[PDB]
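The form deposited in one PDB entry is given below as one chain in C-alpha cells.
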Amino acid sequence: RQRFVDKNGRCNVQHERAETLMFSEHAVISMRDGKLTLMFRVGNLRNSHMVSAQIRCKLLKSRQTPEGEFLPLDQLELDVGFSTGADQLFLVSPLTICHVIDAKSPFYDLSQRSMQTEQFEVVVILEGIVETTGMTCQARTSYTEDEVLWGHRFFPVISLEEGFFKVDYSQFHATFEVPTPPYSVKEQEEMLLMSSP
C-alpha cells in the first residue's frame, strides 16, 4: 500500500508566496479523546519549507495576583508537548496542535460563557528547520479571545486520491461547529466531585 514516508526518508505528500498557510486563522476548543482541548493547525512556510520543528505556546494577559499586584502583560505557559516530546514536530503535512486543558493549564477554568468577557492572546512560536538550506528559522502567530472558537472542530485536510496522499489547503482554515459542553475543565471536575454519591 501507499506509504507517507519511503524507507529512505522521502515524504510522499502532495501539497503564492504570502505566508498564510503556516498557522490556521482560528484556534478551537472542543472534545478530543474524552478531553476538552485547545487546538490550532500548523502547515508550513511557502518560501522556506520545513520538515522538522519545535513548537511552544504562551498565554499573554493582564492579571492581578492574589497579592493585589497588577501584571500588565503576564506570560503563562501552555503545554503543547514538552511533557511528551510531542512539541518536536514532523511536518509531513498539516498538524492539529493540541493543548489538553487540565489543572496545570492556565485555561483550566475557561468556559464558553467566561469567553465573552475574558481578554487574552495565545501566542504560538514555531522554530523550524528549512529543508533547502539546513538552517533554522522561526514563525509566530497569535489568537486573541475573539479568534478562539468554542465548540468548533477542524475539517480534515488529508486524503488519498490515486496513490497520492493529498493535502487540501482550501480546508486548512476551515472549522465546523459540533455539540460541545459549555463548562470549563475545572467545572467538569467540580461536577464530577459532586456526582459521587
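So that the term is clear: the rigid core is the largest set of C-alpha atoms that superpose within 1.5 Å between two forms. When you see a residue number, it is the position in the sequence shown, counting from 1.
Although not depicted, the form deposited in another entry is the subject of the following passage.
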Comparing forms between the shown form and the other one after core superposition, the one residue of 46, 58, 35, 61 displaced by 2 Å or more at CA: 46
Yes/no, residue 131 Cα shift of 2 Å or more between the shown form and the other one with rigid core fixed: yes
Note on residue 47-residue 93 C-alpha separation in the other form, which departs from the shown form by 3 angstroms or more: closer
Distance trend in the other form - C-alpha atoms of residue 47 and residue 6, change of 3 Å or more: closer
